[PDB]
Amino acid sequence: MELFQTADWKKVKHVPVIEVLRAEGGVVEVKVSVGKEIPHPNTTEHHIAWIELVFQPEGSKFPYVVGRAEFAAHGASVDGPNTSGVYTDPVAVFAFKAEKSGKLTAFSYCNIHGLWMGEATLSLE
């Protein structure tokens, strides 16, 4: 019944969550993660592959890619899937200089669950 709204935990599990760690004087650090509130698997069969961060300062006609983080290890070795002991967590910190406030957009990818997007505001206060 569409009278009753709800929330999908699977979306929460995949969405890239943006947290501004500092922004004083245009020295900015932004953390992006997937599966913060609700852990996302990291196995050889199922994992988050990367996160990319975009920033568009106000007054700027075009957006700029700030950077991209690949998460390369997911437990595979010559001994089989999930045996290597090495798993890269889908968390990244982007450090950058900025002269103005503006909009952040993050993108991420799961190898079986498609492409994902998230947004937040950067206030240089």
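Note that residue numbering begins at 1 and tracks the sequence as displayed.
Student: Hey, which bit's got the bigger mean C-alpha B factor in the entry, 55-63 or 42-50?
Tutor: Between 42-50 and 55-63, it is 55-63 that shows the higher mean C-alpha B-factor.
Student: With reference to the PDB entry, specify whether the mean Cα temperature factor is higher for 19-27 or for 6-14.
Tutor: Result: 19-27.
Student: Grab the CA temperature factor for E37 from the record and place it in the lowest, middle or highest third of its chain.
Tutor: Highest third, going by the recorded CA B-factors of the chain.
Student: Mind checking which third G85 falls in for C-alpha B-factor across the chain?
Tutor: Highest third - that is where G85 ends up once the chain's C-alpha B-factors are sorted.
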